[PDB]
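Enquirer: This is the content of start38.txt (compact mmCIF, N, CA and C atoms and all ligand atoms):
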# COMPACT_ATOMS: atom_id res chain seq x y z
N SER B 1315 181.89 0.39 164.51
CA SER B 1315 180.44 0.07 164.35
C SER B 1315 179.61 1.34 164.60
N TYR B 1316 179.59 2.27 163.63
CA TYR B 1316 179.17 3.68 163.87
C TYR B 1316 177.77 3.95 163.29
N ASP B 1317 176.90 2.94 163.25
CA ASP B 1317 175.51 3.12 162.76
C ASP B 1317 174.68 3.75 163.89
N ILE B 1318 174.28 5.01 163.70
CA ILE B 1318 173.50 5.81 164.68
C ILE B 1318 172.10 5.22 164.87
N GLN B 1319 171.58 4.48 163.88
CA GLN B 1319 170.19 3.93 163.96
C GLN B 1319 170.11 2.49 164.46
N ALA B 1320 171.25 1.78 164.65
CA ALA B 1320 171.25 0.32 164.89
C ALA B 1320 170.54 -0.04 166.22
N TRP B 1321 170.54 0.87 167.19
CA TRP B 1321 169.96 0.59 168.52
C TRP B 1321 168.49 0.17 168.42
N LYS B 1322 167.75 0.64 167.39
CA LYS B 1322 166.30 0.40 167.38
C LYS B 1322 166.00 -1.08 167.21
N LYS B 1323 166.57 -1.71 166.18
CA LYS B 1323 166.36 -3.16 165.97
C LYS B 1323 167.01 -3.96 167.11
N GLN B 1324 168.12 -3.49 167.66
CA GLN B 1324 168.74 -4.20 168.82
C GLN B 1324 167.76 -4.20 170.01
N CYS B 1325 167.05 -3.08 170.22
CA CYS B 1325 166.05 -2.98 171.30
C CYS B 1325 164.82 -3.83 170.96
N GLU B 1326 164.39 -3.89 169.72
CA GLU B 1326 163.26 -4.76 169.34
C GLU B 1326 163.60 -6.22 169.65
N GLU B 1327 164.82 -6.64 169.28
CA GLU B 1327 165.37 -8.01 169.52
C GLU B 1327 165.30 -8.30 171.02
N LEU B 1328 165.84 -7.38 171.84
CA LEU B 1328 165.92 -7.56 173.30
C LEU B 1328 164.51 -7.63 173.89
N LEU B 1329 163.56 -6.82 173.41
CA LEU B 1329 162.18 -6.92 173.92
C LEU B 1329 161.59 -8.28 173.57
N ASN B 1330 161.86 -8.78 172.38
CA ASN B 1330 161.43 -10.17 172.02
C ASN B 1330 161.98 -11.18 173.03
N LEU B 1331 163.23 -11.11 173.38
CA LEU B 1331 163.81 -12.05 174.38
C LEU B 1331 163.11 -11.87 175.73
N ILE B 1332 162.80 -10.65 176.15
CA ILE B 1332 162.15 -10.38 177.45
C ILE B 1332 160.74 -10.96 177.45
N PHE B 1333 160.02 -10.82 176.35
CA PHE B 1333 158.69 -11.48 176.20
C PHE B 1333 158.76 -13.03 176.29
N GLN B 1334 159.85 -13.67 175.84
CA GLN B 1334 159.99 -15.16 175.95
C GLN B 1334 160.23 -15.56 177.41
N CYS B 1335 160.90 -14.71 178.20
CA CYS B 1335 161.24 -14.96 179.62
C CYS B 1335 159.94 -15.15 180.42
N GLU B 1336 159.78 -16.28 181.12
CA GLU B 1336 158.62 -16.42 182.03
C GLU B 1336 158.62 -15.32 183.12
N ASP B 1337 159.80 -14.81 183.47
CA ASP B 1337 159.91 -13.73 184.49
C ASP B 1337 159.26 -12.41 184.01
N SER B 1338 158.98 -12.22 182.73
CA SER B 1338 158.33 -10.96 182.32
C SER B 1338 156.82 -10.96 182.50
N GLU B 1339 156.21 -12.12 182.79
CA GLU B 1339 154.74 -12.23 182.75
C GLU B 1339 154.03 -11.11 183.52
N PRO B 1340 154.42 -10.78 184.78
CA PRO B 1340 153.70 -9.72 185.49
C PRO B 1340 153.82 -8.31 184.89
N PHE B 1341 154.78 -8.13 183.99
CA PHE B 1341 155.21 -6.81 183.48
C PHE B 1341 154.86 -6.60 182.00
N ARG B 1342 154.11 -7.52 181.39
CA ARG B 1342 153.88 -7.56 179.92
C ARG B 1342 152.73 -6.63 179.53
N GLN B 1343 151.95 -6.15 180.50
CA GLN B 1343 150.75 -5.32 180.28
C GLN B 1343 150.59 -4.38 181.47
N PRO B 1344 149.90 -3.23 181.31
CA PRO B 1344 149.74 -2.28 182.41
C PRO B 1344 149.05 -2.98 183.59
N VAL B 1345 149.49 -2.67 184.81
CA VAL B 1345 148.90 -3.22 186.07
C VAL B 1345 147.39 -2.96 186.03
N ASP B 1346 146.62 -3.94 186.50
CA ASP B 1346 145.14 -3.87 186.63
C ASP B 1346 144.78 -3.38 188.03
N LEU B 1347 144.03 -2.28 188.12
CA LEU B 1347 143.67 -1.65 189.41
C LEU B 1347 142.59 -2.47 190.12
N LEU B 1348 141.82 -3.29 189.39
CA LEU B 1348 140.72 -4.09 189.99
C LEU B 1348 141.29 -5.05 191.03
N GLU B 1349 142.50 -5.57 190.79
CA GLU B 1349 143.22 -6.51 191.69
C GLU B 1349 144.07 -5.70 192.69
N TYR B 1350 144.56 -4.53 192.26
CA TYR B 1350 145.46 -3.63 193.04
C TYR B 1350 144.88 -2.21 193.03
N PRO B 1351 143.74 -1.96 193.74
CA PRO B 1351 143.06 -0.66 193.71
C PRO B 1351 143.84 0.48 194.41
N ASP B 1352 144.84 0.14 195.23
CA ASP B 1352 145.75 1.12 195.88
C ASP B 1352 146.92 1.48 194.95
N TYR B 1353 147.08 0.81 193.80
CA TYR B 1353 148.35 0.93 193.01
C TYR B 1353 148.71 2.40 192.74
N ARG B 1354 147.78 3.22 192.27
CA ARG B 1354 148.08 4.62 191.90
C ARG B 1354 148.22 5.53 193.12
N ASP B 1355 147.95 5.04 194.33
CA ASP B 1355 148.30 5.80 195.57
C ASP B 1355 149.81 5.73 195.86
N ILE B 1356 150.46 4.68 195.34
CA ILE B 1356 151.91 4.37 195.54
C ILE B 1356 152.70 4.79 194.28
N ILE B 1357 152.20 4.45 193.10
CA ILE B 1357 152.94 4.57 191.81
C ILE B 1357 152.40 5.74 191.01
N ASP B 1358 153.25 6.74 190.79
CA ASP B 1358 152.91 7.98 190.04
C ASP B 1358 152.86 7.72 188.53
N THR B 1359 153.75 6.86 188.01
CA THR B 1359 153.90 6.68 186.54
C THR B 1359 153.95 5.19 186.22
N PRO B 1360 152.81 4.54 185.96
CA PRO B 1360 152.81 3.13 185.55
C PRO B 1360 153.63 2.94 184.27
N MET B 1361 154.27 1.77 184.15
CA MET B 1361 155.00 1.42 182.90
C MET B 1361 155.00 -0.10 182.79
N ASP B 1362 155.03 -0.58 181.55
CA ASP B 1362 155.01 -2.03 181.26
C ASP B 1362 155.69 -2.26 179.91
N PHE B 1363 156.04 -3.50 179.59
CA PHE B 1363 156.80 -3.78 178.36
C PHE B 1363 156.00 -3.56 177.08
N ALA B 1364 154.69 -3.80 177.11
CA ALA B 1364 153.86 -3.52 175.92
C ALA B 1364 153.87 -2.02 175.59
N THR B 1365 153.79 -1.20 176.61
CA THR B 1365 153.90 0.26 176.39
C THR B 1365 155.28 0.61 175.83
N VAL B 1366 156.35 0.02 176.38
CA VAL B 1366 157.70 0.29 175.79
C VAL B 1366 157.78 -0.12 174.33
N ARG B 1367 157.33 -1.32 174.02
CA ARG B 1367 157.36 -1.79 172.61
C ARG B 1367 156.53 -0.87 171.69
N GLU B 1368 155.34 -0.49 172.11
CA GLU B 1368 154.51 0.39 171.28
C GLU B 1368 155.19 1.73 171.09
N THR B 1369 155.79 2.30 172.13
CA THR B 1369 156.47 3.62 172.03
C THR B 1369 157.61 3.49 171.03
N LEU B 1370 158.39 2.40 171.09
CA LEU B 1370 159.47 2.18 170.11
C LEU B 1370 158.92 2.09 168.69
N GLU B 1371 157.93 1.24 168.46
CA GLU B 1371 157.37 1.05 167.09
C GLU B 1371 156.73 2.34 166.56
N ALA B 1372 156.13 3.14 167.42
CA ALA B 1372 155.55 4.45 166.98
C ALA B 1372 156.63 5.43 166.52
N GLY B 1373 157.92 5.15 166.80
CA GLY B 1373 158.94 6.15 166.52
C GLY B 1373 158.92 7.25 167.53
N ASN B 1374 158.65 6.96 168.79
CA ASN B 1374 158.56 7.98 169.86
C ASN B 1374 159.66 7.87 170.94
N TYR B 1375 160.68 7.03 170.67
CA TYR B 1375 161.98 7.13 171.37
C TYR B 1375 163.00 7.75 170.38
N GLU B 1376 163.75 8.75 170.87
CA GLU B 1376 164.88 9.30 170.05
C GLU B 1376 166.21 8.56 170.30
N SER B 1377 166.37 7.85 171.42
CA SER B 1377 167.64 7.20 171.80
C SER B 1377 167.35 5.99 172.64
N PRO B 1378 168.32 5.06 172.72
CA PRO B 1378 168.14 3.91 173.61
C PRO B 1378 168.18 4.31 175.08
N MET B 1379 168.77 5.46 175.42
CA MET B 1379 168.74 5.95 176.81
C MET B 1379 167.30 6.18 177.27
N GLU B 1380 166.46 6.74 176.38
CA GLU B 1380 165.06 6.99 176.76
C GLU B 1380 164.33 5.66 177.01
N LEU B 1381 164.52 4.68 176.14
CA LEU B 1381 163.91 3.33 176.30
C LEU B 1381 164.38 2.74 177.64
N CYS B 1382 165.68 2.84 177.92
CA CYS B 1382 166.29 2.29 179.15
C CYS B 1382 165.63 2.96 180.38
N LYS B 1383 165.33 4.27 180.34
CA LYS B 1383 164.73 4.96 181.46
C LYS B 1383 163.35 4.34 181.71
N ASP B 1384 162.56 4.12 180.67
CA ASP B 1384 161.22 3.51 180.85
C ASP B 1384 161.29 2.07 181.38
N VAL B 1385 162.22 1.26 180.87
CA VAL B 1385 162.35 -0.13 181.37
C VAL B 1385 162.77 -0.09 182.85
N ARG B 1386 163.69 0.80 183.21
CA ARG B 1386 164.12 0.90 184.62
C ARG B 1386 162.93 1.32 185.49
N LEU B 1387 162.00 2.11 184.96
CA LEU B 1387 160.77 2.52 185.71
C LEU B 1387 159.88 1.30 186.00
N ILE B 1388 159.81 0.35 185.08
CA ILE B 1388 159.04 -0.91 185.34
C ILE B 1388 159.59 -1.53 186.64
N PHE B 1389 160.90 -1.60 186.75
CA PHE B 1389 161.56 -2.29 187.87
C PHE B 1389 161.45 -1.45 189.15
N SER B 1390 161.65 -0.12 189.06
CA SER B 1390 161.52 0.68 190.30
C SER B 1390 160.07 0.67 190.78
N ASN B 1391 159.09 0.66 189.89
CA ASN B 1391 157.67 0.56 190.30
C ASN B 1391 157.46 -0.75 191.07
N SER B 1392 157.99 -1.86 190.59
CA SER B 1392 157.81 -3.16 191.28
C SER B 1392 158.42 -3.08 192.70
N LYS B 1393 159.62 -2.49 192.81
CA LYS B 1393 160.37 -2.37 194.09
C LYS B 1393 159.62 -1.48 195.10
N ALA B 1394 158.87 -0.50 194.61
CA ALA B 1394 158.10 0.43 195.47
C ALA B 1394 156.76 -0.20 195.87
N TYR B 1395 156.19 -1.07 195.05
CA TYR B 1395 154.87 -1.66 195.36
C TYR B 1395 155.02 -2.92 196.23
N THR B 1396 156.18 -3.57 196.27
CA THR B 1396 156.33 -4.87 196.98
C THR B 1396 156.25 -4.66 198.49
N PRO B 1397 155.48 -5.50 199.23
CA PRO B 1397 155.45 -5.40 200.69
C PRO B 1397 156.68 -6.05 201.32
N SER B 1398 157.43 -6.86 200.56
CA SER B 1398 158.66 -7.51 201.07
C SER B 1398 159.66 -7.80 199.93
N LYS B 1399 160.92 -7.96 200.32
CA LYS B 1399 161.99 -8.40 199.40
C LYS B 1399 161.70 -9.85 198.99
N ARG B 1400 161.01 -10.62 199.85
CA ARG B 1400 160.69 -12.06 199.64
C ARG B 1400 159.34 -12.18 198.93
N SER B 1401 159.11 -11.33 197.93
CA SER B 1401 157.91 -11.34 197.06
C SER B 1401 158.22 -12.12 195.78
N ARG B 1402 157.31 -12.98 195.34
CA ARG B 1402 157.48 -13.70 194.06
C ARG B 1402 157.68 -12.67 192.95
N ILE B 1403 156.75 -11.73 192.78
CA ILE B 1403 156.75 -10.78 191.62
C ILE B 1403 157.97 -9.86 191.71
N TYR B 1404 158.36 -9.43 192.91
CA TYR B 1404 159.57 -8.60 193.07
C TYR B 1404 160.79 -9.42 192.68
N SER B 1405 160.89 -10.67 193.13
CA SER B 1405 162.04 -11.56 192.77
C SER B 1405 162.10 -11.78 191.25
N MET B 1406 160.95 -11.85 190.58
CA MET B 1406 160.89 -11.98 189.10
C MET B 1406 161.45 -10.69 188.49
N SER B 1407 161.08 -9.54 189.04
CA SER B 1407 161.58 -8.24 188.54
C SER B 1407 163.11 -8.17 188.68
N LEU B 1408 163.68 -8.71 189.75
CA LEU B 1408 165.14 -8.56 189.98
C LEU B 1408 165.92 -9.44 189.00
N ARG B 1409 165.45 -10.67 188.72
CA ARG B 1409 166.14 -11.51 187.70
C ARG B 1409 165.99 -10.84 186.34
N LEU B 1410 164.80 -10.35 186.00
CA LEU B 1410 164.60 -9.75 184.68
C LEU B 1410 165.44 -8.47 184.49
N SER B 1411 165.58 -7.70 185.56
CA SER B 1411 166.41 -6.48 185.52
C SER B 1411 167.86 -6.89 185.23
N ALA B 1412 168.39 -7.92 185.92
CA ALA B 1412 169.79 -8.35 185.68
C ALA B 1412 169.98 -8.75 184.22
N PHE B 1413 169.01 -9.48 183.69
CA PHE B 1413 169.04 -9.90 182.25
C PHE B 1413 169.05 -8.68 181.32
N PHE B 1414 168.13 -7.74 181.57
CA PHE B 1414 168.04 -6.51 180.77
C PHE B 1414 169.35 -5.74 180.82
N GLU B 1415 169.88 -5.50 182.02
CA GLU B 1415 171.10 -4.69 182.15
C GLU B 1415 172.27 -5.36 181.42
N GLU B 1416 172.38 -6.68 181.50
CA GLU B 1416 173.49 -7.42 180.84
C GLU B 1416 173.42 -7.18 179.34
N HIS B 1417 172.24 -7.11 178.76
CA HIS B 1417 172.04 -6.99 177.30
C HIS B 1417 172.00 -5.53 176.78
N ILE B 1418 171.51 -4.58 177.58
CA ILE B 1418 171.41 -3.18 177.12
C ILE B 1418 172.76 -2.46 177.11
N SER B 1419 173.73 -2.92 177.90
CA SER B 1419 175.02 -2.20 178.05
C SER B 1419 175.72 -2.02 176.69
N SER B 1420 175.78 -3.03 175.83
CA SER B 1420 176.44 -2.87 174.52
C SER B 1420 175.61 -1.96 173.59
N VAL B 1421 174.28 -2.02 173.70
CA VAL B 1421 173.40 -1.17 172.87
C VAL B 1421 173.72 0.28 173.18
N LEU B 1422 173.75 0.65 174.46
CA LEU B 1422 174.06 2.03 174.87
C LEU B 1422 175.47 2.44 174.45
N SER B 1423 176.46 1.61 174.74
CA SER B 1423 177.86 1.94 174.38
C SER B 1423 177.96 2.17 172.87
N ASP B 1424 177.45 1.25 172.06
CA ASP B 1424 177.56 1.41 170.59
C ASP B 1424 176.89 2.69 170.09
N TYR B 1425 175.72 3.01 170.64
CA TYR B 1425 175.00 4.22 170.22
C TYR B 1425 175.84 5.43 170.56
N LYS B 1426 176.32 5.48 171.81
CA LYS B 1426 177.03 6.70 172.24
C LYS B 1426 178.33 6.87 171.43
N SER B 1427 179.01 5.77 171.15
CA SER B 1427 180.22 5.76 170.30
C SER B 1427 179.89 6.28 168.89
N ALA B 1428 178.77 5.85 168.32
CA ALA B 1428 178.33 6.27 166.97
C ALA B 1428 178.07 7.75 166.96
N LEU B 1429 177.42 8.29 167.99
CA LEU B 1429 177.15 9.74 168.03
C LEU B 1429 178.49 10.45 168.12
N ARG B 1430 179.42 9.99 168.98
CA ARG B 1430 180.72 10.68 169.10
C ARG B 1430 181.43 10.66 167.74
N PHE B 1431 181.39 9.55 167.01
CA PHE B 1431 182.03 9.50 165.67
C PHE B 1431 181.39 10.50 164.69
N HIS B 1432 180.07 10.64 164.77
CA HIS B 1432 179.33 11.60 163.91
C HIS B 1432 179.82 13.03 164.14
N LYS B 1433 180.14 13.37 165.40
CA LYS B 1433 180.65 14.71 165.81
C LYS B 1433 182.17 14.68 166.05
N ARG B 1434 182.93 13.90 165.27
CA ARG B 1434 184.40 13.78 165.46
C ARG B 1434 185.15 14.99 164.89
N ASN B 1435 184.66 15.61 163.82
CA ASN B 1435 185.41 16.68 163.10
C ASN B 1435 184.84 18.05 163.48
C1 LIG I 1501 147.26 -7.86 183.91
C2 LIG I 1501 148.30 -8.92 184.18
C3 LIG I 1501 149.34 -8.53 185.23
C4 LIG I 1501 149.57 -7.03 185.36
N1 LIG I 1501 150.53 -6.74 186.43
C5 LIG I 1501 150.21 -6.81 187.70
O1 LIG I 1501 149.04 -7.01 188.04
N2 LIG I 1501 151.20 -6.67 188.62
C6 LIG I 1501 152.63 -6.68 188.32
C7 LIG I 1501 153.31 -5.47 188.90
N3 LIG I 1501 153.07 -5.45 190.34
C8 LIG I 1501 154.13 -5.59 191.15
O2 LIG I 1501 155.25 -5.28 190.77
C9 LIG I 1501 154.00 -6.21 192.43
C10 LIG I 1501 152.98 -6.95 193.00
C11 LIG I 1501 153.37 -7.50 194.25
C12 LIG I 1501 154.66 -7.23 194.57
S1 LIG I 1501 155.37 -6.12 193.49
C13 LIG I 1501 151.65 -5.36 190.66
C14 LIG I 1501 150.91 -6.53 190.05
Rewrite the structure from the file as structure tokens, please.
Ligand SMILES: CCCCNC(=O)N1CCN(C(=O)c2cccs2)CC1
Expert:
Amino acid sequence: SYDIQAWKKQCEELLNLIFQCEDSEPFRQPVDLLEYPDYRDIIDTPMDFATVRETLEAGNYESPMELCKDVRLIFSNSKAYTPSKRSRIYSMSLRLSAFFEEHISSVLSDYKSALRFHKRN
């Protein structure tokens, strides 16, 4: 399965599934500072799923590794902003992360295999 471009539609598909998940609701749009005015004192680089989807559709990811780095930043930002492990929004981030990781693993493997096949000779 050596299609070097297949990861893009696979990532679009996976973002559609993440948008259907009720657990994505807090992460679907950039954090609002009016409710969280301290947010940028804690978080250096905000990230959200709408920004990831727009970056993909603009043609501004070169690989699924780059997309994966931004999605992982959504989750590390939640983990750094939470005052406790027993946070509703943090617990939503941890279920959504498990779902994402379960689905992205084949996307990454197939892409990396395709690149290795391209440079086989
Ligand atoms: C505009 C619609 C929602 C935008 N998101 C939003 O406001 N937040 C989700 C991300 N976040 C957190 O990860 C945590 C809050 C408490 C524990 S972690 C801060 C709040």
Enquirer: Report, in Å with one decimal, the straight-line distance from atom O2 of ligand LIG 1501 (chain I) to atom CA of residue B:1409.
Expert: 12.9 Å
Enquirer: Around all the atoms of ligand LIG 1501 (chain I) listed in the file, with 5 Å of room on each side, what axis-aligned box do you get, giving centre and edge lengths in Å to one decimal, as lines of an AutoDock Vina configuration file?
Expert:
center_x = 151.3
center_y = -7.1
center_z = 189.2
size_x = 18.1
size_y = 13.6
size_z = 20.7
Enquirer: Within 7 Å of ligand LIG 1501 (chain I), counting only N, CA and C atoms and all ligand atoms: which residues, as a ChimeraX atom specification?
Expert: /B:1339-1347,1349-1350,1391-1398,1401-1404
Enquirer: Give me, please, the distance in Å between atom C of residue B:1426 and atom CA of residue B:1377, quoted to one decimal.
Expert: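 Those two atoms sit 10.7 Å apart.
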Enquirer: So how many Å separate atom CA of residue B:1427 and atom C of residue B:1318, to one decimal?
Expert: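 Atom-to-atom, atom CA of residue B:1427 to atom C of residue B:1318, that is 9.8 Å.
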Enquirer: With distances taken over only N, CA and C atoms, which residue among B:1422, B:1327, B:1366, B:1411 lies nearest residue B:1381?
Expert: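 Closest candidate: B:1366.
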Enquirer: Just checking: using only N, CA and C atoms, which residue out of B:1413, B:1363, B:1425, B:1389 ends up closest to residue B:1321?
Expert: B:1425
Enquirer: Could you check which of B:1416, B:1336, B:1352, B:1362 is closest to residue B:1387, using all atoms listed in the file?
Expert: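 Distance minimum relative to residue B:1387 lands on B:1362.
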Enquirer: What would stretch 1379-1399 of chain B look like with N, CA, C and O atoms restored, written as a PDB file, in the frame of the given file?
Expert:
ATOM      1  N   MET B1379     168.770   5.460 175.420  1.00  0.00           N
ATOM      2  CA  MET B1379     168.740   5.950 176.810  1.00  0.00           C
ATOM      3  C   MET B1379     167.300   6.180 177.270  1.00  0.00           C
ATOM      4  O   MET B1379     166.947   5.934 178.412  1.00  0.00           O
ATOM      5  N   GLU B1380     166.460   6.740 176.380  1.00  0.00           N
ATOM      6  CA  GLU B1380     165.060   6.990 176.760  1.00  0.00           C
ATOM      7  C   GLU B1380     164.330   5.660 177.010  1.00  0.00           C
ATOM      8  O   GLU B1380     163.510   5.549 177.936  1.00  0.00           O
ATOM      9  N   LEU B1381     164.520   4.680 176.140  1.00  0.00           N
ATOM     10  CA  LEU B1381     163.910   3.330 176.300  1.00  0.00           C
ATOM     11  C   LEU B1381     164.380   2.740 177.640  1.00  0.00           C
ATOM     12  O   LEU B1381     163.579   2.166 178.387  1.00  0.00           O
ATOM     13  N   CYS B1382     165.680   2.840 177.920  1.00  0.00           N
ATOM     14  CA  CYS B1382     166.290   2.290 179.150  1.00  0.00           C
ATOM     15  C   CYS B1382     165.630   2.960 180.380  1.00  0.00           C
ATOM     16  O   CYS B1382     165.387   2.243 181.381  1.00  0.00           O
ATOM     17  N   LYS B1383     165.330   4.270 180.340  1.00  0.00           N
ATOM     18  CA  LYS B1383     164.730   4.960 181.460  1.00  0.00           C
ATOM     19  C   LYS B1383     163.350   4.340 181.710  1.00  0.00           C
ATOM     20  O   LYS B1383     162.979   4.111 182.878  1.00  0.00           O
ATOM     21  N   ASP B1384     162.560   4.120 180.670  1.00  0.00           N
ATOM     22  CA  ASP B1384     161.220   3.510 180.850  1.00  0.00           C
ATOM     23  C   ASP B1384     161.290   2.070 181.380  1.00  0.00           C
ATOM     24  O   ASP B1384     160.505   1.667 182.247  1.00  0.00           O
ATOM     25  N   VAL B1385     162.220   1.260 180.870  1.00  0.00           N
ATOM     26  CA  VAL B1385     162.350  -0.130 181.370  1.00  0.00           C
ATOM     27  C   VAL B1385     162.770  -0.090 182.850  1.00  0.00           C
ATOM     28  O   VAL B1385     162.217  -0.825 183.656  1.00  0.00           O
ATOM     29  N   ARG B1386     163.690   0.800 183.210  1.00  0.00           N
ATOM     30  CA  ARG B1386     164.120   0.900 184.620  1.00  0.00           C
ATOM     31  C   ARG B1386     162.930   1.320 185.490  1.00  0.00           C
ATOM     32  O   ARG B1386     162.864   0.905 186.683  1.00  0.00           O
ATOM     33  N   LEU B1387     162.000   2.110 184.960  1.00  0.00           N
ATOM     34  CA  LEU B1387     160.770   2.520 185.710  1.00  0.00           C
ATOM     35  C   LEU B1387     159.880   1.300 186.000  1.00  0.00           C
ATOM     36  O   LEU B1387     159.281   1.216 187.091  1.00  0.00           O
ATOM     37  N   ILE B1388     159.810   0.350 185.080  1.00  0.00           N
ATOM     38  CA  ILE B1388     159.040  -0.910 185.340  1.00  0.00           C
ATOM     39  C   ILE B1388     159.590  -1.530 186.640  1.00  0.00           C
ATOM     40  O   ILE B1388     158.840  -1.935 187.540  1.00  0.00           O
ATOM     41  N   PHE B1389     160.900  -1.600 186.750  1.00  0.00           N
ATOM     42  CA  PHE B1389     161.560  -2.290 187.870  1.00  0.00           C
ATOM     43  C   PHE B1389     161.450  -1.450 189.150  1.00  0.00           C
ATOM     44  O   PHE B1389     161.201  -2.006 190.220  1.00  0.00           O
ATOM     45  N   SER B1390     161.650  -0.120 189.060  1.00  0.00           N
ATOM     46  CA  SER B1390     161.520   0.680 190.300  1.00  0.00           C
ATOM     47  C   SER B1390     160.070   0.670 190.780  1.00  0.00           C
ATOM     48  O   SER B1390     159.836   0.712 192.028  1.00  0.00           O
ATOM     49  N   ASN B1391     159.090   0.660 189.890  1.00  0.00           N
ATOM     50  CA  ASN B1391     157.670   0.560 190.300  1.00  0.00           C
ATOM     51  C   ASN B1391     157.460  -0.750 191.070  1.00  0.00           C
ATOM     52  O   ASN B1391     156.785  -0.751 192.155  1.00  0.00           O
ATOM     53  N   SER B1392     157.990  -1.860 190.590  1.00  0.00           N
ATOM     54  CA  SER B1392     157.810  -3.160 191.280  1.00  0.00           C
ATOM     55  C   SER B1392     158.420  -3.080 192.700  1.00  0.00           C
ATOM     56  O   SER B1392     157.830  -3.564 193.680  1.00  0.00           O
ATOM     57  N   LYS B1393     159.620  -2.490 192.810  1.00  0.00           N
ATOM     58  CA  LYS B1393     160.370  -2.370 194.090  1.00  0.00           C
ATOM     59  C   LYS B1393     159.620  -1.480 195.100  1.00  0.00           C
ATOM     60  O   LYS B1393     159.720  -1.746 196.331  1.00  0.00           O
ATOM     61  N   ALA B1394     158.870  -0.500 194.610  1.00  0.00           N
ATOM     62  CA  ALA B1394     158.100   0.430 195.470  1.00  0.00           C
ATOM     63  C   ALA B1394     156.760  -0.200 195.870  1.00  0.00           C
ATOM     64  O   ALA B1394     156.203   0.168 196.931  1.00  0.00           O
ATOM     65  N   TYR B1395     156.190  -1.070 195.050  1.00  0.00           N
ATOM     66  CA  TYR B1395     154.870  -1.660 195.360  1.00  0.00           C
ATOM     67  C   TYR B1395     155.020  -2.920 196.230  1.00  0.00           C
ATOM     68  O   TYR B1395     154.027  -3.291 196.865  1.00  0.00           O
ATOM     69  N   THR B1396     156.180  -3.570 196.270  1.00  0.00           N
ATOM     70  CA  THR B1396     156.330  -4.870 196.980  1.00  0.00           C
ATOM     71  C   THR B1396     156.250  -4.660 198.490  1.00  0.00           C
ATOM     72  O   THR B1396     156.871  -3.747 199.040  1.00  0.00           O
ATOM     73  N   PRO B1397     155.480  -5.500 199.230  1.00  0.00           N
ATOM     74  CA  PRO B1397     155.450  -5.400 200.690  1.00  0.00           C
ATOM     75  C   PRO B1397     156.680  -6.050 201.320  1.00  0.00           C
ATOM     76  O   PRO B1397     156.873  -5.866 202.499  1.00  0.00           O
ATOM     77  N   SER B1398     157.430  -6.860 200.560  1.00  0.00           N
ATOM     78  CA  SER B1398     158.660  -7.510 201.070  1.00  0.00           C
ATOM     79  C   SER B1398     159.660  -7.800 199.930  1.00  0.00           C
ATOM     80  O   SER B1398     159.270  -7.950 198.741  1.00  0.00           O
ATOM     81  N   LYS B1399     160.920  -7.960 200.320  1.00  0.00           N
ATOM     82  CA  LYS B1399     161.990  -8.400 199.400  1.00  0.00           C
ATOM     83  C   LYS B1399     161.700  -9.850 198.990  1.00  0.00           C
ATOM     84  O   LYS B1399     162.074 -10.223 197.863  1.00  0.00           O
TER      85      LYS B1399
END
